[PDB]
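Asks: Take these chains first, placed just as they are in the complex:
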Amino acid sequence: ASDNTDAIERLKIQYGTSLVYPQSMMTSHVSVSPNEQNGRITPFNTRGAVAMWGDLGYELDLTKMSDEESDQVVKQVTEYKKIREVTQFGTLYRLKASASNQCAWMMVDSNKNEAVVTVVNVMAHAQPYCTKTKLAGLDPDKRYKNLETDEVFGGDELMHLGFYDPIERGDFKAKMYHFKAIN
Amino acid sequence: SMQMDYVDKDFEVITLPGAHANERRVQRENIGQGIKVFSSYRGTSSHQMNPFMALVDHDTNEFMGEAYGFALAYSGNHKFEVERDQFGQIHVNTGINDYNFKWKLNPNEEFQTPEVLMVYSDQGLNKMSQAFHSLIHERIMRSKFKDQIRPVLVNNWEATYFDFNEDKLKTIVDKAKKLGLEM
C-alpha cells in the first residue's frame, strides 16, 4: 500500500485506499520504531493492529527483537490466524476517520455471525472527552458475544448504543474487539 | 472511456490525492464553474492521484446519502475531468490521459479503451466502497489465490536493506519459524 509504514500515517492511507479497494488487496507490515520514514514513536501493539487491516506482514529484523517483542509477535500472529478469514474477506465498514482523533473500522463475515472491530486513538489529552464506538453490518436480531469479556449484546444494541471506548493515557493506542453470534 | 452529464445536481467531488509514502488521502471539494482535473503523466496510475473519483451530495457520508463512484481500470496515464458549465450542469470525462497521446488508427483497425467501473450508492460511502470491493474481488481478480487466506510473511527490506547475505537471512528465517510466520 505504501512505503510509509508508520502506524499512524498508514491509518489515513489505508482508509483512503479502502474507498475503492478490498482490504485483502492491500498489504501492511509491522515495522520498527522510531519509524524509518517519519521518526514517529508508536506502541508495538498499535503497529500490529493497524497492520491487521491489510494482509499482515513483518518488516523488521526479527533477530534483533526483545523477548518482550518476540512474544508480542507470537501473540499477534496467533491471534491474527484466528481472525484473518473475517478481517481479510469480510464486508468492510469504516467507522471513524483520523481527523476525529480516532480511526476505526471493522469487518463482518457474509452471514453476519462474526465481526472484528478495531479502534485507534491518535492524540491523548490530559482531560479526555468520553467517546463511543457504534458498529455496522450486524443483524439487528442476532445476539453477539464479546469473546474477550463474554458479555452478550443484540445487534441492535451494538449498532445503536455502541459502547464506551476505554480512556487511556499515551499517544497512538489501539483496541480490538471480536464479536461472535450465539444460539 | 466514458462521459456523463448531470442536470441540477449540487455535487461535491472526492478524490484520492497523495505522494510517495503518503498515498490516497481522502479529499473532498466543492465543484465550481470551470474544469477540475485529476490526472497522471507519470506513465503509471501514480502515487499522486489515484484513478478514481466520486460525486456525492453535500450531505453524503459513510452511512447515508447518494454517491457516484468512478474507477478507471487502467495503470497508466489517466485523466478525470469534472466540469460545471455556464448553465449549472456537471460534465464528467474519464479515460487515458490525452497528454502526449496520439494514436495512429489506420484503415480497418480498431482502438480499445480501458473500461471504467461506475457504482451508484443510495446509502453512503461504505455501501459504495462495498460494491467496488465485491466486483473487484469476484469479477476482476483472476488469481487462484484471491479467495485464499494470505500468508503472514516477513520481508527483509526494512530489516537489512542491501546489507545482507545468505547466512544473515537464514537466521531471520529461523526466527520466523519460531514466531509462527508462514513465508
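Replies: Arrived safely. Numbers count the residues shown, from 1 in each chain, chains lettered A, B, ... in the order given.

Asks: Dihedrals phi and psi, the residue nearest the centre of chain A?
Replies: In chain A, the centroid-proximal residue (C-alpha atoms, centre = their mean) is residue A:118; its distance is 3.0 Å. Dihedral pair for residue A:118: phi -130, psi 140, per degrees, to the nearest 10.

Asks: where do the strands sit along chain A?
Replies: For chain A, applying DSSP state E gives strands covering A:27-30, A:55-58, A:91-96, A:102-108, A:114-121, A:132-133, A:143-146, A:152-154, A:163-164, A:173-181.

Asks: out of those strands, nearest to residue B:82?
Replies: Residue B:82 lies closest to strand A:91-96 among the strands of chain A, at 23.6 Å (C-beta to C-beta). For the C-beta atoms, the positions are set from N, CA and C on the backbone; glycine is no exception.

Asks: Run through the neighbouring helices and strands of that closest one.
Replies: Applying 3 or more C-beta pairs under 8 Å, 6 or more residues apart in numbering or on different chains; DSSP states H and E, we find strand A:91-96 packed against helix A:7-18, strand A:102-108, strand A:114-121, helix B:124-139.

Asks: Tabulate those (TSV), appending distance to residue B:175.
Replies: Below are the helices and strands packed on strand A:91-96 laid out as TSV (distance: least, C-beta to C-beta, whole Å):
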stretch	distance to residue B:175
helix A:7-18	22
strand A:102-108	29
strand A:114-121	27
helix B:124-139	33
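
Asks: Which one, of these, ends up nearest to residue B:96?
Replies: helix B:124-139 (20.2 Å).

Asks: mind adding chain C? sequence follows:
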Amino acid sequence: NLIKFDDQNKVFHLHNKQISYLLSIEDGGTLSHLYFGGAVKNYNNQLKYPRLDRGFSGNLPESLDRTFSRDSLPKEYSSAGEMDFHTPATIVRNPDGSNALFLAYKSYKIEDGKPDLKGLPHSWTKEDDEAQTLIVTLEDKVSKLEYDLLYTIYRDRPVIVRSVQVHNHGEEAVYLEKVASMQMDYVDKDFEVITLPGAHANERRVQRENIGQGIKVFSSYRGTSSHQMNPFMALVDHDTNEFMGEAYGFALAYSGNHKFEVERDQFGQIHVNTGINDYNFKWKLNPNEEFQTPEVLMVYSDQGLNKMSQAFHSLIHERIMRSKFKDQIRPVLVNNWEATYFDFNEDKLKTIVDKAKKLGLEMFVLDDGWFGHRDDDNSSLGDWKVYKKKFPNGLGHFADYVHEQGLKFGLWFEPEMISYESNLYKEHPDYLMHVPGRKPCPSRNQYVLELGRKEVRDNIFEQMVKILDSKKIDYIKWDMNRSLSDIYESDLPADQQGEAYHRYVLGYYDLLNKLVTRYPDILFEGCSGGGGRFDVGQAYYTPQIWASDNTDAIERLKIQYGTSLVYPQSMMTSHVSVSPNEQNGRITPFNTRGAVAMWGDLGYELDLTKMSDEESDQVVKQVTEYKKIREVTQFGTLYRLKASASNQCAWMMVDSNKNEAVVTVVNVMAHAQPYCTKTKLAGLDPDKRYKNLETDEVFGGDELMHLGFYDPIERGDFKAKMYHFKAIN
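Replies: Let me put chain C in with the others:
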C-alpha cells in the same frame, strides 16, 4: 409493554417499535440519562458512565470516591446546591435563605395513559392502552420536597413526553425560582441546533447553528411564546436534512415565558434544559401544595426533518387539539381587516358579504372596530358591547344577514387587553396591569388586564357570553397585540410577585378553556399580531392560528416553511392579500399569492367590493380549485421539498393512502440565463401509478421520486406552479 424497570441494574426502559429511552439510578440516587434514539430490544449496562477523577468536579456528600461526580454525569435532572456547575434544571429558595436542593431517587410508578395537567394544556390518549407513563420521584430528605418526573411514551409514535411536578411535604414554605420541564444530557454527540427566531411580520425563519462550549439560550420574557423565538428547538447531526439523518425535536407546550438552554460543557457533553423561563419567576410553594410544569414533546427521527415534523404534526393534530373542528375542512373565509380597517358600517359590510357569496366564499369574519367606540386603536379595548353607531340594528341583525347569504359568521375579540379610554377602565381601573405607583409602558397605546385575578376574568367572560349565547357567531378570532411589560398582580403579597407571569398564562388558559368548552361548535382561530403565540399549548384550545401579519407571498414562504417544522399546516391560516404588499411593498402575481396561501387554510383579506369582474373571476377560479384539493392540502402528510434560499420553495401534501398528491413549486428570482431545475416528489407509493390531472400523463411513484420532472422555464419574478396527482386503477 412499553416501560420496564430492571431493579437489578436499576435501569428504566421506555420503548416501542421506533424509539428507546433509557435512564438509570446511579451512585447516590442520581438519576442518569443513558440513551434516546432508535429502539433496542435490550440493555446490558454498556452505557454505564466511565469513572474518571476529573479536576474540580466534586463528589457526593461524605463520599471518598472522587471518580464519580454530579458535575460530569449525564443526568435527567439537576438543581442548584448539588455540586453541579451546569445551568440547573431547578433552583429552590429555602427559609434559611439558601438555594440548596439535593434530589435523590426515592421511587417510581408505571401507569397506563398519561395524567392530566391541572390548569395547563397537554397531550392525551383516547384509549388507555395507547400509552404508558413512568413517574420517577426524587426527594430532598432535608427540605422534604419531592419532584415527580413524568415520562410518557405512546405505542405508535417516536415521541417521549416529559414534565415535572413538585410537592412540598415539609412544615414550611419554599420558593421555586426555577423548575424546568425536562433536562437531557448527551455524550459524544456533535450536534447543530435548529431554532425558529423572528420578529413581528417576520416569524419563524429556520436558523441552524454549531454548538460551542458555553450556553446558548433561546427564550421569551414577553409573557407570550412570542414572535421573536418560538418555543421549539431541534438537535441534529451535521449531515441531517429534510430527508435523512438524526433529528431530535423539542416542543414546549406553553404559551408564556419559555427557556431552552443548550450547553456544551468542559467535557464535550451536551446539556439541554427546557421549561418556563426563570426570568422573574418565583413560585411560593406552601406546605402540602404542588406545582405542575407545562410538558415538553420530544420527537426522535432517524430519517431527516420531514419525518420529525410529521410526527409532531400527527401528535398535535390527533392527541392534543381538542376542537371538534380539528378533522373538519376549514372554510375559505374573507376578513375585512387589510380590506377596510376601522373604515366600515353595517351596510358596507353587507356589500362585502354579497360579493363573497358570489365568489363562493364560505365565511365572513368581522374584524376590529365593531365594539365600544372603536374607531381606531386608541380606545375601547375591554368594552365588548356592539358599537351601535356601526350596527344600528344590533350585531345579531347583521349576523342573521350573513347566514341568509349562506355564509358562516366570524367575529374578532381581544379579551386580554384594555384601553385607558374605555368604560372598563372607568369602572375598574385596578384591572389594568401596572406596578402601583408607576406609569405603565404603553404598546399600541393599550395595556394588559390582570388575568391572574378571577374577578377580571369573570368580567370579560360575561361580556363575551352576552354576545355569543344566541349562537350567531360560528367563528372567533382571538387577537392579542402587545407583550407584557409591567409585571404585577395587585391581589398578591409582595413575596408572590414572582408568580405574576405564570399566573397570567394560567388565567389566560382558564378563560380560554371556558369559552372553548362552552362553545364547542365555534371555530376558534388564535392570533397575536400574527403568530406571536404560535405554540403547541395554544393548539390545545385553537385548531388554527394566524401565522403572520406579513401577507407577502414571498416572505410567507420562509415563515410558513419554518412554521411547518413543528406545526401541522391546518393549524396555520394564510390569506390572499393585495399587491403591492401592505407590509413590504413587493409586487407579486395574483396566482402566486394564491399558491402560497393554499399551503395554510386559504382565506382572503382584500376589498372584494372594489374588484374588477376581471379578477373576481380569478378569485372564483382559485376558490373553486382549492375546494377540489383542500382535503389533501389541509390534512395530508406534508413534505417540504425545497427552501427559499435555493431560489425555489417547494412543498407537497399526500393523503393517508398515498392515492392523491398536491405539489407547489414557487420560483423566487428570475434570471436572464436560468439553470434547468428538477423537482422530485416524496411520500408516494413506489408501486402505484399516478396521473397528472393537468396533462393526463401517468408516472410510477418510483419515477416521480427518483427521476422527478423539469420545472418549466418562466420569465419574471415570484412565479408559482401547482400539480395534482391521483393514483390510477
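
Asks: since we added chain C, can you redo what packs on strand A:91-96?
Replies: By 3+ C-beta pairs under 8 Å, 6+ apart, strand A:91-96 packs against helix A:7-18, strand A:102-108, strand A:114-121, helix B:124-139.

Asks: That strand versus helix A:7-18: what angle between them?
Replies: Taking axes from the mean of the first three to the mean of the last three C-alpha atoms, to 10 degrees, strand A:91-96 and helix A:7-18 form an angle of 130 degrees between their directions.

Asks: Given strand A:91-96, what are its sheet partners and their directions?
Replies: Its sheet considered, strand A:91-96 pairs with strand A:102-108 (antiparallel) by DSSP bridges.

Asks: if we can go back for a sec, who's in contact with the residue nearest to the centre of chain A?
Replies: Taking C-beta atoms under 8 Å, 6 or more residues apart in numbering or on different chains as the criterion, residue A:118 is in contact with A:49-50, A:52-53, A:104-106, A:174-177.

Asks: and if we set it to 10 Å?
Replies: Shown in contact with residue A:118 (C-beta atoms under 10 Å, 6 or more residues apart in numbering or on different chains): A:49-50, A:52-53, A:87, A:95, A:103-107, A:133, A:174-177.

Asks: So it versus residue A:105, what's the distance?
Replies: With distances taken as C-beta to C-beta, to the nearest Å, residue A:118 is found 6 Å from residue A:105.

Asks: okay, and the common contacts of these two?
Replies: With C-beta under 10 Å, 6+ apart as the test, residue A:118 and residue A:105 both reach A:53, A:87, A:95.

Asks: Give me the nearest residue to the last one, chain neighbours excluded.
Replies: Leaving aside its sequence neighbours, residue A:95 sits nearest to residue A:104 (C-beta to C-beta, 6 or more residues apart in numbering or on different chains; 3.9 Å).

Asks: next up, chain D:
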Amino acid sequence: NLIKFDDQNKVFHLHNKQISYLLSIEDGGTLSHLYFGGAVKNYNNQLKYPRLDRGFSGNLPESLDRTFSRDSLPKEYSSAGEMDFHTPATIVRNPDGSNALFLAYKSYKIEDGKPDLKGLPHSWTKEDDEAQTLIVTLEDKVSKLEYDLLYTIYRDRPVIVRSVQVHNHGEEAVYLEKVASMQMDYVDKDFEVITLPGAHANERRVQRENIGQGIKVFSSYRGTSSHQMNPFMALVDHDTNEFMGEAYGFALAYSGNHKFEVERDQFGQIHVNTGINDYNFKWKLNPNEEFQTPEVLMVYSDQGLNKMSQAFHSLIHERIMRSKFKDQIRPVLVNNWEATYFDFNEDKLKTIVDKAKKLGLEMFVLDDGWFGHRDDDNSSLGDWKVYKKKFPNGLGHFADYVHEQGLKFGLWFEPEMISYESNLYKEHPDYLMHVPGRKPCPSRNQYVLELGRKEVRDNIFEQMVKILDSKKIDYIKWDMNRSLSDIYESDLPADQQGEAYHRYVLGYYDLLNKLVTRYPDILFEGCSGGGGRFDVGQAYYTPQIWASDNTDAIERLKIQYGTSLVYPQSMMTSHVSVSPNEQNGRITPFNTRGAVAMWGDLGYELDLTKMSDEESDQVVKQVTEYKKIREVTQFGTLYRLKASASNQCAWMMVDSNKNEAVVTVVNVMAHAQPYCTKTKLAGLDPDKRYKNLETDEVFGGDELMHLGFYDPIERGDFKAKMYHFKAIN
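Replies: Okay, here's chain D dropped in alongside the others:
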C-alpha cells in the same frame, strides 16, 4: 482634554489619537450607544437611530410616539421593567415585590484620572494627566436609586474602562438581583465571538463562533473565574486574524462568578452585557449605601488580534499590576511538586537544592506537604504551621540552607481551604462554608472557608504572618484547589444569603491585599489547580500565575497561546516536567519542553537528582541561554505567528526598541513526506538590519517580515527550533 459634551445634540465623546467612544442622551433620558472604534475628530448626528414603528416594541410611559422604543434603541445600559426584552444589564427587586426599574439621565461629571474601586482590583494612573473619567448618573425617580456609569479613557491607549456604582437614595432597602459592569449595543455588525473555554489541565483554548439570534452565555458559578470559561470575550469581523481586521476585547477585572452575554436580536442588532454573574446574586442595598461593580477593560484594535492582545498586555502590566516585582526578571525556579509529591522530607529536598545550585537555578519552592500533618491531600488544610516530622529543626532551618546555597526560597499555601481532619476544623468547625443542616459536598476531599467573615480571615492571616514575618520566604505560591459548591455565610441574615458569592471574593481580595501589601518583597505567584483563577483581577495582586496543571509541551502550546490572547507572558509560568508526561502520557523531546516553557516564566518541576548527565547538562544549557534572553522573552512585545492547528505553533518577542527579537517555532506532527514551510516575523523595524546570532547572517527587517525563512525539515514528532536576532550598526 479627552472627554467632551455637546449640549446641542446631547452627545458625549471620549477620544484620543486611536479611538472614539460616542454615547448620547436619547428620548426619555435614555442613554444611547452610538459608536466605539477608530478616532474621529467630530460627530454630526449621522448615527441618530432611525425612528420606525416596530410591532410589539412598546414605548415610553405616557408617550404617544410609537416609533421610539427602549426595546429597539442601542443603549449604554438597561433594566427589567422598562419595556425592554433583551437580557437586562440590571434587575432590581423592590419592597412591593416587583422588579421595576426605570433609569433616566440625571447628570454627568468629568474627573481627571480614575477613581479607586472600593474593595476591588482596578486599573489606575501614575499621573492624573494620563486619563479622564466620565461619570454619567441615571436615576429611577420612584425608587430613588442612582446608577453611576463610569467611563475612563487613557490618553495613550486604545482602551475604555467601564464600571457601575449603585446608590440607594431612598427610604427603604432594595435588592440588586443583577448589576452588569457594562452594556454595549451594535447596529449592523456581523461579528464572530471569541472566548477561552477549557477545563482543568486544559485551560483557555481559543474558540470562535458565529453569533445567531438568541443569547450566547459565557459564565461561571464556581465562585472563581474558573478553568472552564475565562472572563474574557472578543468580537471580531469574520475576516479578522492575528495581523489584520477589527477586534473588540472585553476583560472583566473580577475573580469570582462572571457572566458574559452576547445577544443578536430580532432586528439584527448585537447586545452585550458583562459583569458579576447574577446566579444566586441578590445584594441588599440599604438606604444611603452604595454598590460597586468590578470594572471591565475594553480594547479596540484596528489591525488584528496581536495588536489587541498587546494593548491588554501593556495596560495590565503597567497600570494594573502593583507588585514591585512586575518589572523584574523572574527567577528560574525548581518546584518539587511533580518531583516528589507528598513523598519527601527535609533531606530529600536538600539534595534537590544542591542539584539546583549546580544547574544554575535561582529559587527553590517548597510545594504542598510541609505543614500540619500533610502526608496526602486528606488532611491538615487550615493548619499553617510546620510539619515537625519533616522539618525537625523548623522551616527556617531549611530556608537558611536554601539561602546558603545561593537560592531564593519559596513556599506554598492554600489559605482559603479547610479539611475535616485539621486542628482548625476541630477548633472552629463553623469556619467551614456549608448550609447548616446539610452535609456539604467534598472536592479533593476538602471544604471552603467562610472568607466573607472577618474572624475567619484574621485567623488565617495570623497563621501565615507567624511564618512570613521571618522574611526567609522570598516567594509564595498561593493555591486554591476546588470550586465553591455549598453557598452560605453563617453570619448573614436569611435575606442576605445572595451576598455569599461576592462577599467571598471580597474577603479573598481583602486577605490577599493585606498580605501582598505587608510583604512587598515577596514574589506572589497565583495558582488555582493551575489556571483556575487566571484573570485581570488576580493580576492586581499576583504578578504571575501558574498557567495549568497540564505540563505537556504540546498541550501547553494551545493553553499558552489562548492565555496570551489577554495576558502578558510574564504573567504566566511554565515548567519543564518529566516525560512521559504525568497528565496525558505524551513522549516529548527535552528540548521541546524547554522551548515551550520559555514562553512563560521558566521553571523546573521534576526530580533533578534522578536526571541523566545528558539532561543535567541540557538544563545547564537551557538555563544559561534563558538567562541571556529572558529580558526580551519575559517583557518584549508578544506576537503570535502560527496556531497549533496548522501543525506548527510559533511566537516571538521583540524588545521596546525593535533591536532584539526571540522567535520560537514548534512542529507538532511529522510526516514521511513533509510540505515545506516558511516562518515570517513581525514587530521588527523594516529599515534596521538583524543578525541571526546563531548563523551570523544578517537580514533586513523587511526581509524577515516579507520573505521569512524556511523551517528546517526534521523527522520525529514535537520538535522545536529557536532563533535570536539582534539589530546591528
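
Asks: try what packs on strand A:91-96 again now we have chain D.
Replies: Counting by 3 or more C-beta pairs under 10 Å, 6 or more residues apart in numbering or on different chains; DSSP states H and E, the packing neighbours recorded for strand A:91-96 are helix A:7-18, strand A:102-108, strand A:114-121, helix B:124-139.

Asks: and those as JSON lines, adding distance to chain D?
Replies: Formatted as JSON lines, these follow (distance: least, C-beta to the nearest C-beta, whole Å):
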{"stretch": "helix A:7-18", "distance to chain D": "6"}
{"stretch": "strand A:102-108", "distance to chain D": "14"}
{"stretch": "strand A:114-121", "distance to chain D": "11"}
{"stretch": "helix B:124-139", "distance to chain D": "25"}
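
Asks: Can you get me a residue count around residue A:61?
Replies: 18 (other C-beta atoms under 10 Å in any protein chain shown).

Asks: residues contacting it?
Replies: A:32, B:154, B:156, B:158-160, B:164, B:168, B:171-172, B:175.

Asks: Residue A:38 now?
Replies: A:4-6, A:8-9, B:21-22, D:669-674, D:715-717.

Asks: Would you check that residue A:138 makes contact with residue A:157?
Replies: Yes. Residue A:138 is within contact range of residue A:157, at 9.3 Å (criterion: C-beta atoms under 10 Å).

Asks: Run through the bridge partners of residue A:144.
Replies: Applying DSSP bridges, one finds that residue A:144 bridges with residue A:153, residue A:181.

Asks: now swap in residue A:29 and tell me
Replies: residue A:57.

Asks: hang on, isn't it packed against residue B:181?
Replies: No. Using C-beta under 10 Å, residue A:29 makes no contact with residue B:181, being 11.5 Å away.

Asks: Is there a neighbour count for residue A:72? I'd like the number.
Replies: With other C-beta under 10 Å as criterion, residue A:72 counts 19.
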